[PDB]
Amino acid sequence: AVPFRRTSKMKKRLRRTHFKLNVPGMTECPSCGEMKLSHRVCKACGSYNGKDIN
Amino acid sequence: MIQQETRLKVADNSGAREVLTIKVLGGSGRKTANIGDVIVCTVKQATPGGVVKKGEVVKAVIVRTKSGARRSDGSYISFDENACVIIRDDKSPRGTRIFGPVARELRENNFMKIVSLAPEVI
Amino acid sequence: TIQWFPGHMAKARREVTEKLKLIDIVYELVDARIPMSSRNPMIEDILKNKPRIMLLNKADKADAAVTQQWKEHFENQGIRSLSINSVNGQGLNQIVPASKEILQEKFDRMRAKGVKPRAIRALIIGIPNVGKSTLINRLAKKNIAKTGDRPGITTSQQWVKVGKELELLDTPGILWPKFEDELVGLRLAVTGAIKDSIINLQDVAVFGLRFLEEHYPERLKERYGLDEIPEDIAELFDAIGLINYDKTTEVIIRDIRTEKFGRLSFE
Amino acid sequence: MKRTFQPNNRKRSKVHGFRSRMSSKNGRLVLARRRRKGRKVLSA
Amino acid sequence: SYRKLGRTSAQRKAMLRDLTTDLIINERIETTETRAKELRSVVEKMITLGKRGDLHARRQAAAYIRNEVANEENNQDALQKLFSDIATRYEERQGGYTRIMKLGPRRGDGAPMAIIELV
RNA sequence: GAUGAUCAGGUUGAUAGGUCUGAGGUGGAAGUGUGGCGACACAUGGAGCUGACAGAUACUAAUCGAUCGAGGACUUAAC
RNA sequence: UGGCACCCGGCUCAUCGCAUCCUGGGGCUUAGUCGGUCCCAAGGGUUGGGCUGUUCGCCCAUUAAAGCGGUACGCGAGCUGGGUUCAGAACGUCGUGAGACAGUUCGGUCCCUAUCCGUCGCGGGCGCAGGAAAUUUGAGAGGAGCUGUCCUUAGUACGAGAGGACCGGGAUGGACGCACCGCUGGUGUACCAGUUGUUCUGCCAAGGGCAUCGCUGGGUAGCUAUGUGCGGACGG
RNA sequence: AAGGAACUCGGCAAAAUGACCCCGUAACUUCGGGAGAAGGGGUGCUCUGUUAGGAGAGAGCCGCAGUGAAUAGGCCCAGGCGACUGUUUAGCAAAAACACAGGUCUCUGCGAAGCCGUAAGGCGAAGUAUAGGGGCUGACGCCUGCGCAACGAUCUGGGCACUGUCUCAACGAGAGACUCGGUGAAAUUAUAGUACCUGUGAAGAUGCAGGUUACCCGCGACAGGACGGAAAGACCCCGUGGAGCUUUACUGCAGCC
RNA sequence: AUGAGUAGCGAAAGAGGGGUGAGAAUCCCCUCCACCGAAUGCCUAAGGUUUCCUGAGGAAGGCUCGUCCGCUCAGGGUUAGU
RNA sequence: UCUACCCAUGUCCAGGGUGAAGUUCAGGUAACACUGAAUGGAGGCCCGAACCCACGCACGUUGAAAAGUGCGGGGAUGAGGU
Ligand SMILES: Nc1nc2c(ncn2[C@@H]2O[C@H](COP(=O)(O)OP(=O)(O)NP(=O)(O)O)[C@@H](O)[C@H]2O)c(=O)[nH]1
């Protein structure tokens, strides 16, 4: 099956309503790290709220 | 579970040694039969001379089946072959002898003569 | 029992009725071994107000005396009859003069009416597995029709112009829709004319054996390398050998139609 | 499946070569036409 | 139910046998999170086998441990290390011996990685 | 349960894994003795092994924190 | 150089009409047993095969019954040349030559990622005069609706007799539907055993890899029917 | 599980036989075959045992199962057609169509007859009527039509084995589908803010009239409609449109007399 | 431009530890595992004409990534009386 | 340079079956043709790999491919393939 007619700009913009991303989980810097992710390591030194690992 | 085109084997001394079912009586769209039912069959193997002849259409009662019957108290029965006895419309044995064991269910279906003639009833 | 009656048989009757006017003369083929049972009342009811001749094909396989007696019975009945062997022309020469004598009345009426005499139009009709096409091929010397050793070969009627003298119409065999007398059905099945995959061969063999014991006890005695006449069938069956319990029935019916025995007739 | 072009250097020079063209008159006409157009490559 | 890991049974068993003997030598490894969660069930069973110690148990673990050098100087393979100086470490600790430690995804395909180590 | 969704839980806790007892399944483990020339049989022993099923037990993971979310409009009748 | 009328079968899914096949209620014409005929009624139901081109078609055996029709053959971007229907071949009939008829037969290629409206499921917003957590009424809508035997009534109503109702009770089937794995079975590729060939752990004994899970005998949880439980009863 | 062709135009497809030895083999026949016809029996390991010289016989021991896995023929009847082995529409038709061995008719005395070329020059052939061109049939046994022995991916019919073809479906494995990270096209397309029912209309309405329903936006599925899309079509006329073909239609140049 | 962030990414077993690097599932090294083996082995035709070796590179080409390449720059390489 | 036919020169075909002519001994004879035994190895012979075809079904049909793949099938010392 091929499209019967082209789709206007309005319909396309209305279809793309739910096509977006999500703001991630933001937590505290572990062991003065840099703003690590929830239930994960610090970007600086792999720290768990100050519990460094790896 | 006997149905159309299922070959049984007679267990009486009438002259027919194997039959093939044609229809199962007792319902609009009934397709299966069990121990104690009545079927219409055609004779497929018989001696050239005897009481019954090849190609004749008769009716018979099932007495043995690979899958038996679930009794009330939870007990099950099962045989190793499917066998039938040719009867008349008045429920009497067309032949004179019954060979092999016979299921007890026949007794509750008022098949008293066949049960009486049977050697051993389980 | 025996019920064989396909749809082409039904269409043949309608075609014959729809093309009845053109027919001048009718040939009705009848097997010699069973002259009375081989007749077809169903097609005879349609066929009236038309001259016809009875033909007895396969006359070599039947006893001469009984065939001649049946010929007399047809002759004094009020119908012309003849005995013919299709495979080798025996009586084929004496049918054109008979047709001419029969149709001479209309021929002379037309001649005095002021037209040139024309070709004789004949229609061949009969039960299957009789020489309905071999006779045509012999008469035309051309081998134009298809023939086989089983019933139901041809399927459509066809015109064959034999010279400037004959116009023959062929026709597939026709059987009545329902049999009434089981002995006639048994005889027909024995002689062929039935597909043989619709009937019970064991009953046919039993009928053959009992007829033989009743009529040709000596021919049953000679049989094929065994000499006994017991009460049952299993004595002869297990002559030459798990062996086939009763498939030998086919053997019993195999040779008889090929005339392993001598000539016989069932009448 | 075998495609129609199966390369071979000898047959190419024997059929479409310079000397084959120069052998006959029509080949010389072909060379003259290709010279007139100005094609960088002529013959084969 | 067990995870399938997107492979046939034979290859799944091969991966499990490879990883469970790579962990015993190294004592901490880095894999994907869904592949390290399916691994914690086998290492602890092997550790219990090592803690049993009798000959019948040792021949049971010999069918699930590959032949690798492990320590170099004293020439002891994976099985000897498992039965020698690991069953002695976990002598009074009954239960879990492993720790699963999540971290971020990786550049190539965005799969979430994790580190699994002995306790 | 396609993904969202729904439901059971988040250290005053039995949500999942492991461990210890079971239930079912299979059918007499390795080792060592004895008998036989040998293939093999017997004892130690309803033995050994056991994915998804039960009951106990915080041994390992369910830390942090972040975001959202009211102060009750107008008129007329009975206070 | 006549006469005078007319202008594709099968599969999977269904839905509607009544001009009613069965079941319900009636007059009747018909001892009862029955049967025939004519009204009112569309809720449900309305079969498996053999020969066969299913035809101007035969038969077999059941059932309370094996109704007639409309929807672009109802239905090919859902499936089947299986008829129709092509280029290769035999026979045919007509023809003065280029050809005419199909009269019989054998073989013989179409595809499509769903844009919009439609149907079947599942979510995200906001609204509902304060924010929330539960429990709910019911304007409306959909589902179900079928029948057979046997015992009593008592052979009593009847019928000289032979023969025989019957809808009030009571049991028990057929088909269909909804659930579930305690029983009988099925599968059950990270469960347990037997065994062939070859290769590997230095060798014996113990084991691993590959050969459709290498092949065989069993099989827990889960999912299941051919297994089990229940339903359509009335009543206003 | 139970049944075993009940499906269907049709056993299409799938299932079933298969290896090594030892017994046993029909009708028919062109006497070569048919024929591996059809049907039965046995295979593991140990000892006896340089086993006689690698047995064979004997004794024993295990499992449900002994060519223990992979690879190895399904079989039997009856009719047409063609004798057989072979060749054909590359890319719809592998056949009963073509060829074939044999038979028969006709021309040719050698610069042969036939062909290719305007001619020179060649093939036939360096060959000579038991040898060469051109037609028609198509083995060989019985007649001036009748025989199927052997062969066939041939066309019709039947019977065994065996089974998910089905009564009636149920689980399990793998690659897609689905979610996430990377990269990222196509046919189609007048603008569209694109309901339903009875009517009307070039005659088959999301767009017209009357009425009934319907809060805004998405994701996974189905295929009733947009006379859905692409080969302009999967075909009936017409081209006082072509090409081809046949002459008691004419007129030219070929050859021969 | 729409279809749309949709179909596809062209048969197949990899796992872990080190190293380089601004950046590593894809590059290099090590250890296990796995497939072909009458070839998925080696040697030399037709054909191609710099694709061969070493050092640098991250525009474009590799159906993703790339510190890598049959890609881009520089250099170098093919010895016959048999 | 693809395909049709022809000309001159090379090259390829794992294994296993059946057993013609001829020859020798010899019942038979006076010797045959015919018995058997031994030897012998013919065939547009048989089963079947490499090789060459293309009969059935399924998939693919904006394909891996502008004629392919998978499982079965025919010929396979010759009127052969290259
Ligand atoms: N012995 C013998 N056989 C004959 C004779 N006539 C015919 N046959 C046999 O019959 C067979 C052919 O019969 P046929 O005429 O075709 O029968 P049919 O009536 O035409 N059958 P259908 O009409 O269906 O085609 C052959 O086997 C032929 O040998 C006869 O006179 N004698």
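Heads up, residue numbers simply count up from 1 along the chain you see.
Cβ coordinates come from backbone N, Cα and C, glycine included.
Per Swiss-Prot, GTP binding site is recorded for C:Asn57, C:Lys58, C:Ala59, C:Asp60, C:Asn85, C:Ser86, C:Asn129, C:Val130, C:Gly131, C:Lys132, C:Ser133, C:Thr134, C:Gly173. Other Cβ atoms within 10 Å of the Cβ of C:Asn57 (GTP binding site), summed over all protein chains shown, number 23.
Annotation comment: Swiss-Prot describes C:13-177 as domain 'CP-type G'.
Within the same chain, residues at least six positions away from C:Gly131 (GTP binding site) with a Cβ under 8 Å of its Cβ are C:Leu29, C:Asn57, C:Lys58, C:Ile84, C:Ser86, C:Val87. Non-local neighbourhood of C:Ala59 (GTP binding site): C:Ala32, C:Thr67, C:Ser83, C:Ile84, C:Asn85, C:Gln90, C:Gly91, each in the same chain, at least six residues away, with C-beta under 8 Å from its C-beta.
Taking all protein chains in view, 22 other C-beta atoms sit within 10 angstroms of the C-beta of C:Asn129 (GTP binding site).
Remark: C:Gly173 (GTP binding site) has C:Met9, C:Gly126, C:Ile127, C:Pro128, C:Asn129, C:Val130, C:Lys132, C:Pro151, C:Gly152, C:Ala193 as non-local neighbours, by Cβ distance under 8 Å and separation of at least 6 in sequence.
Listed in sequence order, the residues of the same chain lying 6 or more apart from C:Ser133 (GTP binding site) and placing their CB within less than 8 Å of its CB are C:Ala145, C:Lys146, C:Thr147, C:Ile153, C:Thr154, C:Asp170.
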